[PDB]
Structures are given as structure tokens and as C-alpha cells.
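Single-structure report; data block below.
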Amino acid sequence: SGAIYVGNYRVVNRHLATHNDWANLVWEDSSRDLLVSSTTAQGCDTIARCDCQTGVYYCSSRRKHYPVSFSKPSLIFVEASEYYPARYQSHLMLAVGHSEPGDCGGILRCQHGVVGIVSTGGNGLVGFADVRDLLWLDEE
Ligand SMILES: COc1cccc(NC(=O)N2CCC[C@H](C(N)=O)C2)c1Cl
Ligand SMILES: [Zn+2]
């Protein structure tokens, strides 16, 4: 579990969105595993606007933040889960690291701010849904 709180927005993995998130929907994209809902309180996270390929992510299954090198946002095949059939997920970045299902929502960050959130994992790999191209998160 986990979310990004920037301005009056809450950014969560679409497969973990609550009824309240769907009832206060701003934007959602199944192909990216993202959903954004509106909030009453202002958040403190800042979104990175950069092309960093190194950062640090939070792993709930180890209570630890790990430094990692990660690939550029791309279209990657993800195996069938209980939330999605086997499909191509877009705007996904891969890194070597520990990840279990419940690790989704963990923040990945660089020197400029929040880069994305854990979305996939498995066999010594961890996937992140990129948010740096969503410029509208910084306004309205
Ligand atoms: C023990 O680690 C494993 C082993 C096998 C599969 C997975 N689960 C995923 O990667 N997810 C599930 C949620 C939905 C994601 C998605 N964005 O499609 C995929 C993990 Cl983390
Ligand atoms: Zn950066």
C-alpha cells in the first residue's frame, strides 16, 4: 500500500483504489496502473521533473529504503495477476530489487522529488509506474 500526496491530489495504484477514490475521481488509466483522486488537505510531496535513472524506493516487506538504478519509462509485458490479465503495461520502469504484492504504492524518489510508485515485482525485480510526465499534478 501507499500513495503520493501533491497539492489537492492523491496518486494511487489503480488496482488498490478505494470506493472513496472512485467517488472523487480525477483521472485513471488501466494501461499504466494509475488512479488520481481529489483531497481536502494539501499534500507535501513534490513531483520530480527530470530524466534521472537512479533513485531510492521504499520496500514495505523489508521496512527499508533501497538505492536502485532503473530503466526509462516503457511498454513492458506483465504476467497475469489477480488484478489484471497478462498484458503490456505502459510508462513502467524496471530495477533489480525486492518486491512482494503488498509493496505496491511504495515511493521511488531522486534529488528532484517523487519519480513514481511500486506497481509490479517478483523474481528479484521491482517495477515503478512513472508520474514525471503528468505535468497537471503541479497545478489547479
Ligand atoms: C512476490 O512478488 C510477485 C510475484 C508474482 C507477481 C507479482 N505481482 C505483480 O507484479 N503485480 C500484482 C499486482 C498488479 C501488478 C500490475 N501492475 O500488473 C502486477 C509479485 Cl509482486
Ligand atoms: Zn531527478
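Ligands are numbered from 1 in the order shown, residues from 1 within each chain, and chains are lettered A, B, ... in the order they appear in the C-alpha cells.
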
Polymer residues at most 7 Å from region 62-75 of chain A, only C-alpha atoms, same-chain spacing of 6 or more positions, as a count of residues only:
13

Could you list, as a VMD selection string, all the residues within 9 Å of ligand 2, counting only C-alpha atoms and all ligand atoms?
chain A and resid 48 to 55 109 to 115

Ligand 1 neighbours within 6 Å using only C-alpha atoms and all ligand atoms, as a short mmCIF file (atom, residue, chain, number, x, y, z; two decimals) with N, CA and C atoms, in the first residue's frame:
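Wrote part-v1.cif, looks like this:
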data_model
loop_
_atom_site.label_atom_id
_atom_site.label_comp_id
_atom_site.auth_asym_id
_atom_site.auth_seq_id
_atom_site.Cartn_x
_atom_site.Cartn_y
_atom_site.Cartn_z
N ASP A 33 -1.72 1.44 -14.65
CA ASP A 33 -1.97 1.05 -13.26
C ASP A 33 -2.02 2.30 -12.37
N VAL A 78 3.61 -7.70 -18.44
CA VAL A 78 3.42 -8.08 -17.04
C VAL A 78 2.54 -9.33 -17.03
N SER A 81 -2.06 -11.49 -13.04
CA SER A 81 -2.17 -11.41 -11.58
C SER A 81 -3.67 -11.59 -11.21
N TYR A 83 -5.45 -9.07 -10.23
CA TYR A 83 -5.95 -7.73 -10.57
C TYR A 83 -5.97 -7.45 -12.07
N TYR A 84 -5.10 -8.11 -12.86
CA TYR A 84 -5.03 -7.83 -14.31
C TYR A 84 -4.76 -9.11 -15.08
N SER A 99 10.54 -7.01 -4.05
CA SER A 99 9.17 -6.54 -4.16
C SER A 99 8.18 -7.73 -4.01
N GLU A 100 7.20 -7.61 -3.12
CA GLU A 100 6.10 -8.57 -2.96
C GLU A 100 4.77 -7.82 -3.35
N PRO A 101 3.61 -8.50 -3.56
CA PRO A 101 2.39 -7.76 -3.98
C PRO A 101 2.04 -6.50 -3.16
N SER A 119 4.67 -0.76 -8.71
CA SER A 119 3.47 -1.22 -9.39
C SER A 119 3.53 -2.74 -9.68
N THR A 120 4.75 -3.29 -9.89
CA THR A 120 5.00 -4.71 -10.22
C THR A 120 6.24 -5.26 -9.44
N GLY A 121 6.42 -6.57 -9.47
CA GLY A 121 7.57 -7.18 -8.81
C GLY A 121 7.70 -8.64 -9.15
N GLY A 122 8.43 -9.36 -8.29
CA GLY A 122 8.61 -10.79 -8.49
C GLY A 122 9.96 -11.36 -8.11
#

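Restricting the calculation to only C-alpha atoms, the smallest distance between residue 27 (chain A) and any of A:117, A:129, A:86, A:134 is found for A:134.
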
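Among the candidates A:82, A:127, A:138, A:106, the residue lying nearest to residue 59 (chain A) is A:106 (atoms considered: only C-alpha atoms).
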
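Ranking A:6, A:80, A:96, A:47 by their shortest atom-to-atom distance to residue 133 (chain A), with only C-alpha atoms included, puts A:47 first.
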
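Atom to atom, CA of residue 103 (chain A) and CA of residue 36 (chain A) stand 18.6 Å apart.
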